[PDB]
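**Student:** opening piece of the complex, as it sits:
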Amino acid sequence: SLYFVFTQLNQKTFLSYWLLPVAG
Amino acid sequence: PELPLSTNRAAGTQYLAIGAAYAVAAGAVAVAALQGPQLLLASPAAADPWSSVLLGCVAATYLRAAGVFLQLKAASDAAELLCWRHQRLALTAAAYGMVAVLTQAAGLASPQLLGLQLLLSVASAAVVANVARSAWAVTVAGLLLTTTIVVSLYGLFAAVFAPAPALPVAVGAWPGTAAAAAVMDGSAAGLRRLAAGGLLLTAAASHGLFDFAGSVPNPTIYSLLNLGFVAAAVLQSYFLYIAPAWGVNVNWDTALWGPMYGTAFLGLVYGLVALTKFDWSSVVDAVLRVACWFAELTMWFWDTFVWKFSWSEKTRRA
Amino acid sequence: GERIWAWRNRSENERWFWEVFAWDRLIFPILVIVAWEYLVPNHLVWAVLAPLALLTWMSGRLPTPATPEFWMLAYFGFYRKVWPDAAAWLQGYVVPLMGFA
Amino acid sequence: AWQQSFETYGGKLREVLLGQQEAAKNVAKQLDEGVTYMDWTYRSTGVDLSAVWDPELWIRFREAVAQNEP
Amino acid sequence: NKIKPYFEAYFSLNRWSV
Amino acid sequence: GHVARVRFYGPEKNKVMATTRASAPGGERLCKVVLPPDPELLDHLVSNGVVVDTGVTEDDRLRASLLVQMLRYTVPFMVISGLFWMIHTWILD
């Protein structure tokens, strides 16, 4: 009965940030 | 306005008699494809193996047709030709003979074709007219059958709407004899229409089975026609599997062997769907199995060659 | 001070949106998926299979068709990296078996 | 036990290899040429391994294992 | 095998934010 | 005419591995050469009956190189950690 929304992706780690500068 | 026992036994005799006639006809054209194609013709170009191969394919479709008639009988045990689906299947059995006489009206290649299929289809036509007046006065299986529907009906719509394709001239191929640089004969157009009529009969049979067993009224009676729906199909493929051995060319023409191999392989695949019983959630389980395996591979690859899981994840207590 | 009090009482939803929702659950996942699919050559092991494993490990739940992550992955990765080629593969290997060539 | 598996599969593999002996010596060249220059890895996996792989060291290792001179 | 349970459940949170 | 084959290898294909015929001093050997930018070498190679081989050259270049570069940057940390882990735990458990 939730909504159609994302989850957090960074409550566990930080590695995902490594993806933004590289692509930039 | 139910069906009294008189009408029941009358339709029983009708269906059983014409289905036994269809089965005898299927055996007869089977042994015809066994020995020779000009058994049913009078034209000189009937010394060709592909004629006997298509003859065996119409024999397999006649096996299917006898099965359809005997399952008409099998439904006639509980007086079950008053459900609207059975009514539609009777109407499609009528349109079968109607488009058959339409196809011979577009061209008729054999007096034996006339005799045989006019006998069967006009008998069916009078029968279906009278039984319509009688009735009026009152998972991957689905994908399989509906795809056979689409493919067979498109084969019909492309086979009964065009006069004929043309065989490539192969410029300079023995300008004398050897039948090269010629036209297609009046001994194969009727062959194409007979193939199309068999494809339509098995199309309507598949539509009937599909919209009948959509509850997968009889969930288990079709086990009889199951035989007819699959075995011959596989046998069909066998013919085509010996087709390159006979040296008959099937790659050049479109409207003849395409639906041939398609429906034959689809019948073998329905034998599979009944053979291993895909739950429609079991292939999804195989998807999940391979996804879990690849996930366990990439987690190992990460923790070994990219960044340690002890480094990436936050630790607590301090 | 009085103006800040009245303004705080009427804008609780917008405040929580901008402080907790705007980046962490709206913009960052979009950016991360688009960035990953811009790199990462057009295979299936890289465009679909490893993204799912890493997304479930990070977010702590599998992306099902009920979630926006599954649909973003599907569209970008599958439709624009493997489909324009697996389409030719099926058009040259599996469609000949059926009736129409 | 491993020697029991060697002595079991050896006679079977020897005859199977001596049977063809024509692809079993071109599969050898294909495998060795693929392992020398790892130039197949990009379209196979997506990781172009040929940029950190050293053919000369591998060829030297093969020669030193074939002539037993380390 | 940290990830396996997420598929096994199928084939057979920063409280400071609220 | 003492070489049989050359194979241009490397991510930029400037090194070639050369196979020496039996007619060479020392028998058969495999010898690696780094070449200068000489625009006259290919003709000299073909017109003496040499089998030239070239790689697959992976046209994309910044998609062929991304993951291998990530590995070049991340693996030294794993090597250092594994070495130290071996000494400081695999012995004095």
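**Tutor:** On my side now, so go ahead. Numbering: from 1, shown residues only, chains lettered A, B, ... in the order given.

**Student:** quick one: residue B:314 from chain F, how far?
**Tutor:** Plainly put, residue B:314 is 19 Å away from chain F if you go by Cβ to the nearest Cβ, to the nearest Å. Using the backbone N, CA and C atoms, a C-beta is placed for each residue, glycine as well.

**Student:** could you say what helices and strands whichever helix or strand residue F:88 is part of packs with?
**Tutor:** Using DSSP states H and E, residue F:88 sits within helix F:66-89. For helix F:66-89, the helices and strands in contact under the criterion 3 or more Cβ pairs under 8 Å, 6 or more residues apart in numbering or on different chains; DSSP states H and E are helix B:282-305.

**Student:** identify the residue nearest the geometric centre of chain C.
**Tutor:** residue C:72 (2.9 Å; Cα atoms, centre = their mean).

**Student:** phi, psi for that residue please.
**Tutor:** phi -60, psi -50 (degrees, to the nearest 10).

**Student:** which residues touch it?
**Tutor:** Listed by Cβ atoms under 8 Å, 6 or more residues apart in numbering or on different chains, the contact partners of residue C:72 are C:29, C:30, C:33.

**Student:** how about the strands in chain F?
**Tutor:** Assigned by DSSP state E, the strands in chain F fall at F:3-9, F:15-20, F:30-34, F:51-54.

**Student:** and residue D:45, what does it touch?
**Tutor:** By Cβ under 8 Å, 6+ apart, the contact set of residue D:45 is C:43, C:45.

**Student:** and chain F, which of its residues are near chain C?
**Tutor:** Contact residues (Cβ under 8 Å from any Cβ of the partner chain) of chain F with chain C: F:60, F:63, F:64, F:66.

**Student:** weed out the non-buried ones from the residues you listed.
**Tutor:** F:63, F:64, F:66 (16 or more other Cβ atoms under 10 Å in any protein chain shown).

**Student:** can I get those residues in TSV including distance to residue B:146?
**Tutor:** TSV is the format used below for these (distance: Cβ to Cβ, whole Å):
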residue	distance to residue B:146
F:63	41
F:64	44
F:66	45
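
**Student:** and those residues, which is closest to residue F:3?
**Tutor:** Each of those was checked against residue F:3 using Cβ to Cβ; the closest is residue F:64, at 29.7 Å.

**Student:** so how far is residue F:12 from that closest one?
**Tutor:** Residue F:64 sits at a distance of 12 Å from residue F:12 (criterion: Cβ to Cβ, to the nearest Å).

**Student:** sorry, back to before: switch the residues of chain F next to chain C over to CSV; also include distance to residue C:48.
**Tutor:** As requested, those are exported to CSV (distance: Cβ to Cβ, whole Å):
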residue, distance to residue C:48
F:60, 19
F:63, 17
F:64, 20
F:66, 18
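
**Student:** okay, chain G goes in next:
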Amino acid sequence: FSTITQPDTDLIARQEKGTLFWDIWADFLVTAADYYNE
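**Tutor:** Adding chain G to what we have so far:
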């Protein structure tokens, strides 16, 4: 800030080996004692 204040190697080692030394061995020890029973 929150990364450089996590426990380092010493404290993580202390944690896991103390948890293997205290709450699996000593509880088996207590069960053994009050089954058998300065």
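
**Student:** once more for the contacts of residue C:72, now including chain G?
**Tutor:** Residue C:72 touches C:29, C:30, C:33, counting by Cβ under 8 Å, 6+ apart.

**Student:** same thing but at 10 Å, please
**Tutor:** Residues in contact with residue C:72, defined by Cβ atoms under 10 Å, 6 or more residues apart in numbering or on different chains, are A:6, C:29, C:30, C:32, C:33, C:34, C:37, C:51, C:55, C:63.

**Student:** returning to that earlier point: is the helix holding residue F:88 anywhere near chain G?
**Tutor:** Yes. Using Cβ under 10 Å from any Cβ of the partner chain, helix F:66-89 reaches chain G at F:88, F:89.

**Student:** which parts of that helix are buried?
**Tutor:** Buried residues in helix F:66-89, counted by 16+ other Cβ under 10 Å: F:66, F:67, F:68, F:70, F:78.

**Student:** distance of the third one from chain A?
**Tutor:** It refers to residue F:68. Distance from residue F:68 to chain A, by Cβ to the nearest Cβ: 14 Å.

**Student:** likewise the second one?
**Tutor:** When distance is defined by Cβ to the nearest Cβ, residue F:67 is 12 Å away from chain A.

**Student:** which residues touch that residue?
**Tutor:** B:306, C:39, C:40, C:41, C:46, D:42, D:45, D:46, D:47, D:48, D:49.

**Student:** rerun that using 6 Å as the cut-off
**Tutor:** Contacts for residue F:67 (Cβ atoms under 6 Å, 6 or more residues apart in numbering or on different chains) come out as residue D:47.

**Student:** coming back round to it: tilt between the helix holding residue F:88 and helix B:282-305?
**Tutor:** Interaxial angle, helix F:66-89 versus helix B:282-305 (axes from the mean of the first three to the mean of the last three Cα atoms, to 10 degrees): 60 degrees.

**Student:** find the centremost residue of chain A, please.
**Tutor:** Note: chain A centre (Cα atoms, centre = their mean) maps to residue A:9, 3.6 Å.

**Student:** now that residue: phi and psi?
**Tutor:** Per degrees, to the nearest 10, the backbone of residue A:9 is at phi 70, psi -10.

**Student:** mind listing what it touches?
**Tutor:** A:16, C:29, C:58, C:59.

**Student:** and the residue of chain E that's closest to chain D?
**Tutor:** In chain E, the residue that lies nearest chain D is residue E:3 (20.8 Å; Cβ to the nearest Cβ).

**Student:** so residue B:79 makes contact with residue B:1?
**Tutor:** No. Residue B:79 is not in contact with residue B:1 according to Cβ atoms under 6 Å; the separation is 11.9 Å.

**Student:** looking at those two, which is more packed in?
**Tutor:** More neighbours surround residue B:79 than the other of residue B:79 and residue B:1, with 15 against 8 (other Cβ atoms under 10 Å in any protein chain shown).

**Student:** following sequence is chain H, place it on the structure:
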Amino acid sequence: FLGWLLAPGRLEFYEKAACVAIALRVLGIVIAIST
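**Tutor:** So, slotting chain H in with the rest:
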């Protein structure tokens, strides 16, 4: 990278550390069998 990793100073440190490691392992097992 390897020329820096296996430098003589790092080599001697590795050797001394491994020596003390094997020493303390065998000494701990000596005092543990001595119980």
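
**Student:** what about the contacts of residue C:72 again, now that chain H is present?
**Tutor:** Residue C:72 neighbours (Cβ under 6 Å, 6+ apart): residue C:33.

**Student:** gap between residue A:9 and chain B?
**Tutor:** With Cβ to the nearest Cβ as the criterion, residue A:9 and chain B are 13 Å apart.

**Student:** likewise residue H:1?
**Tutor:** Distance from residue H:1 to chain B, by Cβ to the nearest Cβ: 16 Å.

**Student:** quick one: check the helix holding residue F:88 for contact with chain H.
**Tutor:** Yes. Residues of helix F:66-89 are located near chain H by Cβ under 6 Å from any Cβ of the partner chain, namely F:76, F:87.

**Student:** is any part of stretch D:52-67 close to chain F?
**Tutor:** Yes. Counting by Cβ under 6 Å from any Cβ, chain F has neighbours in stretch D:52-67: D:55, D:56, D:59.

**Student:** could you look up the SS state of the last one?
**Tutor:** Three states are possible here, and by DSSP: H, G, I helix; E, B strand; the rest coil the one that applies to residue D:59 is helix.

**Student:** return the residues in contact with it.
**Tutor:** By Cβ under 6 Å, 6+ apart, the contact list for residue D:59 reads residue F:30.

**Student:** let's see it at 10 Å
**Tutor:** With contacts defined as Cβ under 10 Å, 6+ apart, residue D:59 is in contact with D:32, D:36, F:17, F:29, F:30, F:31, F:32.

**Student:** residue C:19: which of those residues is nearest?
**Tutor:** Taking Cβ to Cβ as the measure, residue C:19 lies nearest residue D:36 of the contacts of residue D:59, at 58.3 Å.

**Student:** can you show me the helices along chain D?
**Tutor:** For chain D, helices defined by DSSP state H occupy the ranges D:2-20, D:26-36, D:41-45, D:55-66.

**Student:** tell me which of these sits most buried.
**Tutor:** The highest mean neighbour count among those, using mean count of other Cβ atoms under 10 Å in any protein chain shown, belongs to helix D:41-45: a mean of 16.

**Student:** now it, how far from the chain's geometric center?
**Tutor:** 18 Å (Cα atoms, centre = their mean, to the nearest Å).

**Student:** tell me who's in contact with the residue in chain F that chain C sits nearest to.
**Tutor:** Relative to chain C, the nearest point of chain F is residue F:63 (5.0 Å; Cβ to the nearest Cβ). Applying Cβ under 10 Å, 6+ apart to residue F:63 gives the contacts C:38, C:39, C:40, C:41, C:42, D:42, D:46, D:48.

**Student:** chain C versus residue B:294, what's the distance?
**Tutor:** The value you get for residue B:294 to chain C, if Cβ to the nearest Cβ is used, is 5 Å.

**Student:** alright, calling it a day.
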